[PDB]
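let me see the structure of the following:
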Amino acid sequence: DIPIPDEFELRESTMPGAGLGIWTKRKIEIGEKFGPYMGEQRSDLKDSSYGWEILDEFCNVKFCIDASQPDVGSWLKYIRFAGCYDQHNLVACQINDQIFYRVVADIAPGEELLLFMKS
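Residues are numbered from 1 along each chain as shown. Shown next is the structure:
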């Protein structure tokens, strides 16, 4: 399987219909980063699925990182997306052509890790 760190728990997300999410047992402070997001390098994400675009100088796609398939990826693939404004505690950022998730609000023990809502 895809291993989940001991400091996190994989269990039912509070996002309706999202399935299993990632929950912390430790306090997580603003400014911590997680990753890199892992997966197969692809030209695009036709199946939106689980994945991120990596961008060049000009904000155009250099390539994409796709974790569609169940055996590929890291525990970050299970972090779900907030549904509301300021419901999230993570944002993606890009460093050396890899995606990391940056903590933007404090996460107390027993709370779900949630990315910035989709458009």
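
now residue 78: phi and psi?
Residue 78 adopts backbone torsions of phi -90, psi -10, taken as degrees, to the nearest 10.

and the strands in the protein?
8-12, 20-24, 33-34, 40-42, 51-55, 61-66, 80-81, 90-95, 98-103, 114-115 (DSSP state E).

and stretch 46-62, which residues are buried?
For stretch 46-62, the neighbour count (16 or more other Cβ atoms under 10 Å) marks 50-54 as buried. All C-beta atoms are positioned from the backbone trio N, CA, C, and that covers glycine.

how about these in a markdown table, adding distance to residue 27?
Output for those, formatted as a markdown table (distance: Cβ to Cβ, whole Å):
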| residue | distance to residue 27 |
| --- | --- |
| 50 | 27 |
| 51 | 29 |
| 52 | 26 |
| 53 | 31 |
| 54 | 31 |
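
first-to-last residue distance for stretch 67-82?
19 Å (Cα to Cα, to the nearest Å).

distance from that stretch to the middle of the chain?
Its chain's C-alpha centre lies 7 Å from the corresponding centre of stretch 67-82 when counted by Cα atoms, centre = their mean, to the nearest Å.

now residue 50: closest residue in space, sequence neighbours ignored.
residue 67 (4.3 Å; Cβ to Cβ, 6 or more residues apart in numbering).

quick one: contacts for that neighbour?
37-40, 49-51, 73-74, 77 (Cβ atoms under 8 Å, 6 or more residues apart in numbering).

name the nearest of these relative to residue 8.
Checking those against residue 8 by Cβ to Cβ gives residue 74 as the nearest, at 11.5 Å.

hang on, the earlier thing: what's the most buried one of the strands of the chain?
strand 114-115 (a mean of 20; mean count of other Cβ atoms under 10 Å).

that strand packs against which elements?
Counting contacts by 3 or more Cβ pairs under 8 Å, 6 or more residues apart in numbering; DSSP states H and E, strand 114-115 is packed against strand 80-81, strand 90-95.

turn the strands of the chain into a markdown table, columns for distance to residue 1.
As requested, the strands of the chain are exported to a markdown table (distance: least, Cβ to Cβ, whole Å):
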| stretch | distance to residue 1 |
| --- | --- |
| strand 8-12 | 10 |
| strand 20-24 | 12 |
| strand 33-34 | 19 |
| strand 40-42 | 17 |
| strand 51-55 | 19 |
| strand 61-66 | 19 |
| strand 80-81 | 18 |
| strand 90-95 | 23 |
| strand 98-103 | 21 |
| strand 114-115 | 22 |
